[PDB]
Amino acid sequence: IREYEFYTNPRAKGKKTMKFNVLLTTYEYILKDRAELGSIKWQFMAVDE
DNA sequence: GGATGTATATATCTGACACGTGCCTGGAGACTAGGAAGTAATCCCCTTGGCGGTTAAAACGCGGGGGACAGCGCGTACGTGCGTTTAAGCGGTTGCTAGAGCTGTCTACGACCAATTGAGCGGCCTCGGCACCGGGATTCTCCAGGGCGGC
């Protein structure tokens with residue numbers, strides 16, 4: 001998911017723009033991948049339950 | 001008829017009991033201070049019974065070969081016994097010194113107490129270094145015009 005679907009230009013190494021619109025995830029992968037998801041300029045957060 | 005085996009009595013040896021004495025250490029009596037028991041408050045860790053999700057460890061099965069074990073041979077090294085040597089064990093000399101025990105004197109060193117202050121613990125601000133964002137320089141892919149060929 002990370003290197004085939006996050007970025008429009010995943011093979012670059014400078015500023016990588018985002019490709020997806022909405023990312024659905026769970027709490028376990030918020031805790032597991034906070035380093036790879038906290039460094040994203042999110043426009044909206046919706047926390048269910 | 002003579003000497004031998006055995007029983008009872010008497011003197012001597014030896015461990016144990018009680019008497020005597022010192023002395024010094026434990027006990028009795030009194031006083032005091034502080035160690036610890038008890039109390040209240042605050043805050044953080046542990047308990048018991050659950051749920052959810054990841055995932056790597058645990059469990060199970062199976063094939064195969066490496067290793068444990070048994071047996072056998074062999075040769076060597078240790079046990080065994082005897083004769084010989086030697087040194088341990090005991091008793092002994094002869095002086096001097098080390099050390100335990102006791103008594104005595106004294107002095108420097110450590111306990112103790114009051115005042116002081118400066119080194120240890122916590123937080124706060126700043127720097128060294130790492131990292132995020134904006135701007136300039138360099139290289140790669142591409143769309144269109146000019147020229148040539150065919151019916």
# chains A, B, ... in the order shown; residues from 1 in each chain; ligands from 1

$ select_by_dssp --residues "chain A" --states "helix (DSSP H, G or I)" --output "list in words"
residues 2, 3, 4, 5, 27, 28, 29, 30, 31, 32, 34, 35, 36 and 37 of chain A

$ interface_residues --of "chain A" --to "chain B" --cutoff "12 Å" --atoms "only C-alpha atoms (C1' of nucleotides)" --output "list in words"
residues 14, 15, 26, 27, 28, 29, 32 and 39 of chain A

$ write_last_selection --atoms "N, CA, C and O atoms" --output "PDB file, in the first residue's frame"
ATOM      1  N   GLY A  14      12.295  13.488  -3.573  1.00  0.00           N
ATOM      2  CA  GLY A  14      12.090  14.810  -3.019  1.00  0.00           C
ATOM      3  C   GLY A  14      10.758  14.924  -2.309  1.00  0.00           C
ATOM      4  O   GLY A  14      10.437  14.101  -1.447  1.00  0.00           O
ATOM      5  N   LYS A  15       9.971  15.934  -2.663  1.00  0.00           N
ATOM      6  CA  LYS A  15       8.638  16.093  -2.096  1.00  0.00           C
ATOM      7  C   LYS A  15       7.672  15.178  -2.836  1.00  0.00           C
ATOM      8  O   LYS A  15       7.505  15.296  -4.054  1.00  0.00           O
ATOM      9  N   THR A  26      -7.148   1.424  11.188  1.00  0.00           N
ATOM     10  CA  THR A  26      -7.574   1.030  12.521  1.00  0.00           C
ATOM     11  C   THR A  26      -6.596   1.556  13.561  1.00  0.00           C
ATOM     12  O   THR A  26      -5.547   2.109  13.231  1.00  0.00           O
ATOM     13  N   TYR A  27      -6.960   1.366  14.833  1.00  0.00           N
ATOM     14  CA  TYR A  27      -6.153   1.867  15.943  1.00  0.00           C
ATOM     15  C   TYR A  27      -4.814   1.148  16.035  1.00  0.00           C
ATOM     16  O   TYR A  27      -3.799   1.756  16.404  1.00  0.00           O
ATOM     17  N   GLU A  28      -4.802  -0.147  15.706  1.00  0.00           N
ATOM     18  CA  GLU A  28      -3.597  -0.959  15.833  1.00  0.00           C
ATOM     19  C   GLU A  28      -2.515  -0.497  14.871  1.00  0.00           C
ATOM     20  O   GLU A  28      -1.328  -0.505  15.211  1.00  0.00           O
ATOM     21  N   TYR A  29      -2.904  -0.066  13.677  1.00  0.00           N
ATOM     22  CA  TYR A  29      -1.948   0.450  12.712  1.00  0.00           C
ATOM     23  C   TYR A  29      -1.743   1.953  12.825  1.00  0.00           C
ATOM     24  O   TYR A  29      -0.851   2.491  12.162  1.00  0.00           O
ATOM     25  N   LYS A  32       1.025   1.149  15.391  1.00  0.00           N
ATOM     26  CA  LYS A  32       2.143   0.450  14.768  1.00  0.00           C
ATOM     27  C   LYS A  32       2.866   1.324  13.751  1.00  0.00           C
ATOM     28  O   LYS A  32       4.093   1.252  13.632  1.00  0.00           O
ATOM     29  N   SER A  39       3.764  11.720   9.649  1.00  0.00           N
ATOM     30  CA  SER A  39       4.413  12.681   8.759  1.00  0.00           C
ATOM     31  C   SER A  39       3.637  12.854   7.458  1.00  0.00           C
ATOM     32  O   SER A  39       4.190  12.775   6.363  1.00  0.00           O
TER      33      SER A  39
END

$ residues_around --residues "residue 19 of chain A" --least-positions-apart "2" --cutoff "6 Å" --atoms "only C-alpha atoms (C1' of nucleotides)" --output "NGL selection string"
:A and (6-8)

$ atom_distance --atom1 "atom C1' of residue 136 of chain B" --atom2 "atom CA of residue 10 of chain A"
24.5 Å

$ atom_distance --atom1 "atom CA of residue 33 of chain A" --atom2 "atom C1' of residue 132 of chain B"
20.1 Å

$ residues_around --residues "residue 23 of chain A" --least-positions-apart "3" --cutoff "12 Å" --atoms "only C-alpha atoms (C1' of nucleotides)" --output "list in words"
residues 1, 2, 5, 6, 18, 19, 20, 26, 29, 30, 37, 40, 42, 43, 44, 45, 46 and 47 of chain A

$ decode --residues "chain A" --atoms "C-alpha atoms" --output "JSON list (two decimals), in the first residue's frame"
[["chain", "number", "residue", "atom", "x", "y", "z"],
["A", 1, "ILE", "CA", 0.00, 0.00, 0.00],
["A", 2, "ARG", "CA", 2.81, 2.41, 0.91],
["A", 3, "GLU", "CA", 4.96, 2.15, -2.21],
["A", 4, "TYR", "CA", 2.23, 1.35, -4.77],
["A", 5, "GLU", "CA", -0.63, 3.62, -3.72],
["A", 6, "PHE", "CA", 0.28, 6.56, -1.43],
["A", 7, "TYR", "CA", 2.23, 8.73, -3.86],
["A", 8, "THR", "CA", 1.66, 9.90, -7.41],
["A", 9, "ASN", "CA", 5.47, 9.78, -7.82],
["A", 10, "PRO", "CA", 6.72, 6.97, -5.53],
["A", 11, "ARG", "CA", 10.04, 6.52, -7.38],
["A", 12, "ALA", "CA", 11.25, 10.06, -6.65],
["A", 13, "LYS", "CA", 13.08, 11.16, -3.50],
["A", 14, "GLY", "CA", 12.09, 14.81, -3.02],
["A", 15, "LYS", "CA", 8.64, 16.09, -2.10],
["A", 16, "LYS", "CA", 6.11, 13.31, -2.68],
["A", 17, "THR", "CA", 2.53, 14.42, -3.27],
["A", 18, "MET", "CA", -0.32, 12.21, -2.11],
["A", 19, "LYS", "CA", -2.45, 10.17, -4.51],
["A", 20, "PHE", "CA", -5.28, 8.84, -2.34],
["A", 21, "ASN", "CA", -8.18, 10.89, -0.99],
["A", 22, "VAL", "CA", -9.41, 8.96, 2.07],
["A", 23, "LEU", "CA", -7.34, 6.49, 4.10],
["A", 24, "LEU", "CA", -9.33, 4.05, 6.23],
["A", 25, "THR", "CA", -7.27, 2.53, 9.04],
["A", 26, "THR", "CA", -7.57, 1.03, 12.52],
["A", 27, "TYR", "CA", -6.15, 1.87, 15.94],
["A", 28, "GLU", "CA", -3.60, -0.96, 15.83],
["A", 29, "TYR", "CA", -1.95, 0.45, 12.71],
["A", 30, "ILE", "CA", -2.15, 3.97, 14.10],
["A", 31, "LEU", "CA", 0.01, 2.71, 16.97],
["A", 32, "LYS", "CA", 2.14, 0.45, 14.77],
["A", 33, "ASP", "CA", 2.72, 2.94, 11.94],
["A", 34, "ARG", "CA", 2.68, 6.33, 13.66],
["A", 35, "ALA", "CA", 6.07, 7.18, 12.14],
["A", 36, "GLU", "CA", 4.92, 6.44, 8.58],
["A", 37, "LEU", "CA", 1.52, 8.13, 9.01],
["A", 38, "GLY", "CA", 2.23, 11.01, 11.40],
["A", 39, "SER", "CA", 4.41, 12.68, 8.76],
["A", 40, "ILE", "CA", 1.46, 13.39, 6.44],
["A", 41, "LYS", "CA", -0.25, 16.78, 6.22],
["A", 42, "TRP", "CA", -3.75, 15.47, 6.82],
["A", 43, "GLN", "CA", -6.69, 17.68, 5.94],
["A", 44, "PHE", "CA", -9.28, 15.85, 8.06],
["A", 45, "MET", "CA", -9.43, 13.23, 10.81],
["A", 46, "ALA", "CA", -12.55, 11.22, 11.64],
["A", 47, "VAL", "CA", -12.26, 8.88, 14.63],
["A", 48, "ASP", "CA", -15.10, 6.37, 14.88],
["A", 49, "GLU", "CA", -16.07, 5.01, 18.32]]
